[PDB]
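Following: one structure in structure tokens, then a few remarks.
Read the figures in this text as sums done on the coordinates, not as results from a lab. With ideal geometry, Cβ positions are generated from the backbone for all residues, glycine too; neighbour counts draw on all protein chains shown.
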Amino acid sequence: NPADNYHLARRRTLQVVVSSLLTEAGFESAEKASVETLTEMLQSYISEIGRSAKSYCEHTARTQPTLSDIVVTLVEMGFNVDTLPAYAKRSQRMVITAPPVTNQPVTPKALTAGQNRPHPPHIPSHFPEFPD
Amino acid sequence: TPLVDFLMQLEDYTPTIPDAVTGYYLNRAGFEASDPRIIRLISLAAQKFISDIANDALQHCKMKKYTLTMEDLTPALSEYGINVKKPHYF
Amino acid sequence: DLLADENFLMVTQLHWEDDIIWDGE
Amino acid sequence: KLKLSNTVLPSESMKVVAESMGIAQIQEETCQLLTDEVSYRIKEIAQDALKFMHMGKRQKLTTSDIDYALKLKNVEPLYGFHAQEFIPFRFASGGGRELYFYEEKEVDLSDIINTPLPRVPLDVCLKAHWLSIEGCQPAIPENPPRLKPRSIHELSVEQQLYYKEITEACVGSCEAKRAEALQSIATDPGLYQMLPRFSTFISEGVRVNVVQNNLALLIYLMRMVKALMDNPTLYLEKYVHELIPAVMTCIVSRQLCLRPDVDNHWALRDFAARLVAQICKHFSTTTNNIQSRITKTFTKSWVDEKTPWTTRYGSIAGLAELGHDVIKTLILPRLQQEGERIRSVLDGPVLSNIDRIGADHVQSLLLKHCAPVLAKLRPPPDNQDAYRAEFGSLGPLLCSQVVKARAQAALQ
Amino acid sequence: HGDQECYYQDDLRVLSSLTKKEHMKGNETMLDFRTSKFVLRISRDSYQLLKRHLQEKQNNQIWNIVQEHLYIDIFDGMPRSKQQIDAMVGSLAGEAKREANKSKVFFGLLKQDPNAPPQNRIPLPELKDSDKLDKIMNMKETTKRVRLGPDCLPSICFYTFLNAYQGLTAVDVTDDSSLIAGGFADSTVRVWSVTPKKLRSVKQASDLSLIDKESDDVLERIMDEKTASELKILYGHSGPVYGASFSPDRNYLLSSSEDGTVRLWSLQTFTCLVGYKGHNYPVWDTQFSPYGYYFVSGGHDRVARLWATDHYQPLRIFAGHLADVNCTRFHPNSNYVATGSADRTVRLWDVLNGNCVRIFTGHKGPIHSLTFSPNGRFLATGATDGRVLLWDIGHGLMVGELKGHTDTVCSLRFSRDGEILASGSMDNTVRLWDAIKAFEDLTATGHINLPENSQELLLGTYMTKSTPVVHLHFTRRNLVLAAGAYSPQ
Amino acid sequence: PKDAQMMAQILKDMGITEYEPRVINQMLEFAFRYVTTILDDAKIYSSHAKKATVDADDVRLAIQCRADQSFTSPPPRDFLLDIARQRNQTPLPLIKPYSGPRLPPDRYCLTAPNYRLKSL
């Protein structure tokens, strides 16, 4: 369940994003194989600006990419970047929130009150205590 | 600097894809979240690609609106040079 | 099959109902 | 002995693909030529995806292993589409296509939006424990499992001291001590071979703890039973013959201490006991021994004339929490008797006894069960005065409870 | 195919797939098998019966295939038993010649030892005053070091990765048990501090320009306290990190991944410094030298490269394997590099001249773990057959076989004294072997009669809760550390 | 299914006992992608030779012209042993004693001032 969820939370958000862009277009009720196709092209597109804008900045001896590394990355994918300020200011756009994240409130595990035999001198104090 | 101005406006803008999900697939490829606005521009670029494919597919559906079928994605991605595949094995 | 281990577990061989204490005194 | 073969994809699937593409009238030698080439490439990749399985230290070939095995053979990991130019996505895996054989092949586009997203799991953390203490593996939950000579007890003195501390913490002098001791009972792997002494301590305790009706002593012991049950390591149905008459006694017994006030807890003593009772009939089940035996004792507790009303309320709760069909088949022919009992408590002036409190609790519980028993097997039509054919006990308030259940179903 | 030995099933399945010519023209492992010669060490008592059945014209065709495709290396001695031949075969182009295992190997430690190389043989780096300060507190740990032996069995502290839903593919611990690195399938390296001392980065260049050098505190002055975590995540690989290696001065983390790059992460700035792009293919392992300047990385392209952290190009290319170089381990004197591989051979490589000086065959699966003895005399290798084979390095002879494990043995380490070899595999067990009773005896037949003594050399087996033992580490006070992601499976 | 039950026998003949259920679904998706790009190129080669029937030499041509570009391999042993002996002949360089953090030249490292945009 959780390992599937690690991948699925991030894929299901991608699918909801795809469904929302399809609705904005005009499509209501799409074919099932056409949604897992388009959300596979969406994940492969975010993963390709990840690998190529990291490659363009590290070619210039840097470690984190600026704006000038993505506007050359999107050019090498044929994007025509200038049309993006008009796309961002739509009136039809939706917003999908981030998925729910399991988080320990104070500590991941407060373990359990156990104390017992002292450490021999070949075990330092920072190793866990001897239990029952 | 039109795009530098746009990225500077991208703070206070929430994109359709969350930054916890766009940033996850960027961290998978080595791109680390130094600046949120850069993650948001990458998210908007991916959105524009999927949206343009969808709009071309809708023009094809209107010509033949409503349901999106694999026979609408097939001529829509053919001008992009992408040959989409039917499942055919399930 | 009557030699199955469960047959010999004392839940299936004991009138444990008699133990339930009703109105004890 | 090794009868290893060479299995290829069938050729009658390759002609279907060819004629569904525009290439008709293909020969069999032309078609056999396709299915030994592609069956080699599947064998070449699955042998190459097994390299990434071993390197990642897994025994299961995940879906991402074929994405790296394809990229290793200079073929794009993309499966749904193929880009001739290759510039929009260059050897970038899109994670495959979530498709099935038994799928619907058409969904509504607002069904995918309105479903809740799955929970992102916890991030990776580093916890340390002990596999071996000077050669011996500890039984912590991070680990898997002529004179005759003077004999030794089968428990160690660390184990006997542990038993003494856990039992003196489980009698609930301090609440944090109880809660840890209950979690310690709930997940100690080495708590077998101490379990006779825990079962005997529970059983013996309830029987000398109902001589004077000490409610906490009992609520702590029932929580100890619940903590004993959900432990996955220990084998319990050798000891359930001591466990079950203890819980029946918590549910079907009279209360020697003050009748009112803690009756609220008494209902919970009967609530915790009926919960663990139906959990014990859920597990440990063989033919006609456990569930039918407690069902028969509950029914002859019910049909018994002129009961103690504490015993009556407890047995009512016990028969109530037995599931879907049990109230569908048992509570049906008895509404008139329940109503007559309520009417007698109402008429007789006697208020300083516990009969009136017992009656109110029994009627409320029976009315809630009857509400879904009705919501479950009929439409919600004529919810005003049709229930007057069933002596008019819950009537419109029962109808309102059914409506609340329908609203919860709509929310689901 | 069914009269072939059971240990050859994997190769037999790859061959069953190969039916065409063009299928084999792009395999590059059976292409190198067809051009090489099988070595086939046989005795002279059995070769006389073979040559009296092949020199006759009745079988001049199979004799023509033998003298074209097979070497035959003859030794004068007893014919080996079947359970001794089974111990030393298993590779493709396997059971190599004794003329390869007769070169002089300087298997001794540096500082007299006649087997030790000179200090100026390999140009090793200087020992700085901060590196000399490390060995002062290292011998304080050696004071509390226990003698393990078969009686005082060590305590194992398992450092399990609990959630780990990105798959953990690489662990390394520093030489003092202070840091633990984790290579994961989500393309990240994550450093954890295990001592109660948070991971700090050094201050930025503006903050260092206002402070002065020459101060005694200096390093303490430079640390930034604004950045202080128990966990630092390192981003920059575009693929699952398969190798992880600390430097002995506790800076300079190394990581290799599927994307074909080896990366040098600083542990003072916690950024990436260099990306070493020599492979186009998944680099399966990397390791720093025990003196910390050179490092070796083995990849899918069937070579192992020797780098130096100063050049963008390698110095030595170790290019004799016929399959993927799975493991790459340095000798304790760092003049020799052992590279286990997927063609079931282990090869020692001299850092001078790049020559293969030893070839160790006898594994039935791809080698997934190597370790050296602290003497430098011995080498333990583990593979997917669950066998731990103990090799001599001066004689080039296997000296023992440990066959307790069931699945792939993915981690080996000797003790700090050398008293115990610890083995961790995918059967979720940490087995301890007596590494003194296994080397009690120290040829021209090129083999020794292995003892079948595994039962007497097992001091103990400890089972993990559903957790494959990815790493094994020995504290300098002889305490076993082990790290593995908990996979419920 | 028909073609999905043969895919579980190709894996079991390769000894793969444990696999995810999505493994069969995407090896069939690759096998379908591979045969609809051989046969797509086969009728392009048939129209080049001007024959109305795509016969077996067209598929023999489309296989070996797709395997010449798609499925590559690691470099061969005679190529790896030539670049090894060309590299292993060069002697190891000496080390400067107090050069500092030993790194390549700065155009080969990832240590640059690493700028970012001003938030305004």
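Tabulated results
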| item | result |
| --- | --- |
| Test: residue in the range E:91-103 that is of a type in the set (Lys, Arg), away from chain D (no Cβ under 14 Å), under 25 Å from the mean Cα position of the chain (by Cα) and farther than 30 Å from residue E:40 by Cβ | no |
| Conditions (1) closer than 30 Å to residue B:62 by Cβ; (2) facing chain B (nearest Cβ under 9 Å); number of the one not met by residue A:48 | (1) |
| All positions within the range E:244-280 that are among the polar types (S, T, N, Q), at the interface with another protein chain (Cβ under 10 Å from one of its Cβ atoms) and crowded, with 22+ Cβ neighbours inside 10 Å | E:257, E:261 |
| Residue in the range D:301-319 that is touching a helix residue (DSSP H, G or I) at 6+ places or on another chain (Cβ under 7 Å), buried (at least 20 other Cβ atoms within 10 Å of the Cβ) and over 21 Å from residue D:357 (Cβ atoms) present | no |
| Extreme residue, farthest from residue F:36 (Cα to Cα), among residues of the range D:3-14 that are at the interface with another protein chain (Cβ under 7 Å from one of its Cβ atoms) and out of contact with any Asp or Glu (no Cβ under 9 Å at 6 or more places or on another chain) | D:3 |
| Where residue F:115 falls short, out of the listed (1) away from chain E (no Cβ under 12 Å); (2) surrounded by 13 or more Cβ atoms within 10 Å (Cβ to Cβ); (3) of a type outside the set (D, E, K, R); (4) closer than 30 Å to residue E:252 by Cα | (2) |
| Some residue of the range D:271-286 being over 20 Å from the mean Cα position of the chain (by Cα) and not hydrophobic (A, V, I, L, M, F, W, C) | no |
| Among residues of the range F:9-31, those that are more than 7 Å from chain D (Cβ to nearest Cβ) and part of a helix (DSSP H, G or I), counted | 4 |
| Criterion (surrounded by 22 or more Cβ atoms within 10 Å (Cβ to Cβ) and either part of a helix (DSSP H, G or I) or of a type in the set (A, V, I, L, M) (or both)) met by exactly one of E:459, E:442, E:450 | E:459 |
| Identity of the residue in the range B:59-79, of a type in the set (A, V, I, L, M, F, W, C) and part of a loop (DSSP other than H, G, I, E, B), that ends up farthest from the other protein chains (Cβ to nearest Cβ) | B:77 |
| All positions within the range A:1-18 that are more than 7 Å from every other protein chain (Cβ to nearest Cβ) and under 10 Å from residue D:95 (Cβ atoms) | A:7 |
| Any hit, the range D:177-186, residues being in a helix (DSSP H, G or I), within 29 Å of residue D:365 (Cα to Cα) and in contact with a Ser or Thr (Cβ under 8 Å, 6 or more places away or on another chain) | no |
| Pick from the range E:465-476, criterion part of a loop (DSSP other than H, G, I, E, B) and more than 7 Å from chain D (Cβ to nearest Cβ), ranking: farthest from residue D:142 (Cα to Cα) | E:476 |
| Residue among E:127, E:49, E:133 that alone is more than 25 Å from the chain's Cα centre (by Cα) and more than 30 Å from residue E:418 (Cα to Cα) | E:49 |
| Listing of strands (runs of 3 or more DSSP E) fully contained in the range E:344-428 that carry 1 or more residues being under 30 Å from residue E:489 (Cα atoms) and of a type in the set (S, T, N, Q) | E:367-372, E:378-383, E:409-414, E:420-425 |
| Those residues of the range A:21-55 which are among the polar types (S, T, N, Q) and buried (at least 22 other Cβ atoms within 10 Å of the Cβ), in sequence order | A:34, A:37, A:39, A:43, A:44, A:47, A:52 |
| Verdict on residue D:393 being among the hydroxyl-bearing types (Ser, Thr, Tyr) and out of contact with any helix residue (DSSP H, G or I) (no Cβ under 7 Å at 6 or more places or on another chain) | no |
| Residues that are hydroxyl-bearing (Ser, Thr, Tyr) and farther than 22 Å from residue E:125 by Cβ, drawn from the range E:264-297 | E:271, E:281 |
| Qualifying residue in the range E:188-200 (condition: surrounded by 16 or more Cβ atoms within 10 Å (Cβ to Cβ), among the polar types (S, T, N, Q) and touching a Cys at 6+ places or on another chain (Cβ under 9 Å)) | no |
| Filtered residues of the range E:7-28 (kept if under 15 Å from residue E:91 (Cβ atoms) and facing another protein chain (nearest Cβ under 9 Å)) | E:9, E:10, E:12, E:14 |
| Leading residue by the ranking (nearest to the other protein chains (Cβ to nearest Cβ)) among those in the range E:307-358 that are closer than 17 Å to residue E:398 by Cβ, among the aliphatic types (A, V, I, L, M) and surrounded by 24 or more Cβ atoms within 10 Å (Cβ to Cβ) | E:348 |
| Any helices (runs of 4 or more DSSP H) falling wholly within the range D:15-134 and containing at least 2 residues that are under 39 Å from the mean Cα position of the chain (by Cα), more than 9 Å from chain A (Cβ to nearest Cβ) and not hydroxyl-bearing (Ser, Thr, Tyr) | D:28-55, D:65-72 |
| Lone unmet requirement of (1) assigned to a loop (DSSP other than H, G, I, E, B); (2) acidic (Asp, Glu); (3) within 29 Å of residue E:219 (Cα to Cα) for residue E:151 | (3) |
| Count - residues of the range B:1-51 that are within 7 Å of another protein chain (Cβ to nearest Cβ) and either farther than 20 Å from residue A:86 by Cβ or touching a strand residue (DSSP E or B) at 6+ places or on another chain (Cβ under 6 Å) (or both) | 15 |
